[PDB]
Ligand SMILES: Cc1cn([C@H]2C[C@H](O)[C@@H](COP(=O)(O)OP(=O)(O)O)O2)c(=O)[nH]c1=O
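Okay, so here's just one chain, in structure tokens, the form deposited without the named molecule.
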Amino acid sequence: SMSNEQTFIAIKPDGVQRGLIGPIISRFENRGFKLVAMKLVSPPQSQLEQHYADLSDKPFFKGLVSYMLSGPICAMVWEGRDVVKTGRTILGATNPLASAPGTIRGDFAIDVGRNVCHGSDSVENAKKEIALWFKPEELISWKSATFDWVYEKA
């Protein structure tokens, strides 16, 4: 709907280890989405447990958290029209076995537990994840020189 919608995109430790930061950022940049926050971070366990709160009563929660502590994460906020849903489509199916070539996971990933990246699955979950991973001051307000060539309206 509105061009100022925001989503949380994270490059997971395997994506960082495998040297996929540049290519993944380029996918969103090239689409016309606007990077409004980014940091390389190794978040505390409590923050990862909150991010994965929906999985805390599911099997093998401890192992997920330990894996996500095992390397740096490139955390990002991207902004644009339908960026939540379109970002998920750019990432590709969450399990790379089901993803399409031309998406991030369809180009770079094989195992669902090593699926390179995360994207918010809804507008409301995006707002929650952005608040969890970023201080408000870390969200940078700016206007792209090509805004009116990417968008026909606000």
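Don't overthink the numbering: it's just position in the shown sequence, from 1. Each form is matched to the other, and the largest set of C-alpha atoms that superpose within 1.5 Å is called the rigid core.
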Open item on the list: So, in 7 other deposited structures of this protein, taking the root mean square over structures and residues of the Cα distances after a rigid core fit: is 61-69 or 40-48 the more displaced stretch?
Closed with: 61-69
- [ ] Going by root mean square C-alpha distance after a core fit, say whether 50-58 or 107-115 is farther from the shown form in 7 other deposited structures of this protein.
- [x] 50-58
Open item on the list: If you take the mean CA temperature factor per stretch, which one wins between 48-56 and 28-36?
Closed with: 48-56
Task: Entry-level comparison of average CA B-factors, 3-11 and 145-153, reporting the higher stretch - done: 145-153
TODO: Return the residue from 123, 91, 116, 110 that has the highest Cα B-factor in the entry.
DONE: 123
- [ ] Relative to the other modelled residues of the same chain, rank the CA B-factor of residue 98 and answer lowest, middle or highest third.
- [x] highest
Task: Modelled-residue ranking by C-alpha temperature factor, third containing residue 19 - done: lowest
- [ ] Consider only the C-alpha atoms of the modelled residues in this chain, order them by B-factor as the entry records it, and name the third containing residue 106: lowest, middle or highest.
- [x] lowest
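One more form of this protein exists, namely the form deposited with the named molecule bound; it is left out here, but the text below deals with it.
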TODO: Using heavy atoms and a 4.5 Å cut-off, decide whether 12, 88 and 94 all contact the named molecule in the entry with it bound.
DONE: yes
Open item on the list: Considering non-hydrogen atoms and a 4.5 Å limit, which listed residue (123, 41, 35, 55) is close to the named molecule in the entry with it bound?
Closed with: 55
Task: Distance check, residue 112 to the named molecule in the entry with it bound, heavy atom within 4.5 Å - done: yes
Open item on the list: Whether residue 69 contacts the named molecule in the entry with it bound should be assessed with a 4.5 Å heavy atom distance threshold; does it?
Closed with: no
- [ ] Would you give me the residues of 58-75 that have any heavy atom within 4.5 Å of the named molecule in the entry with it bound, in order from first to last?
- [x] 60, 64
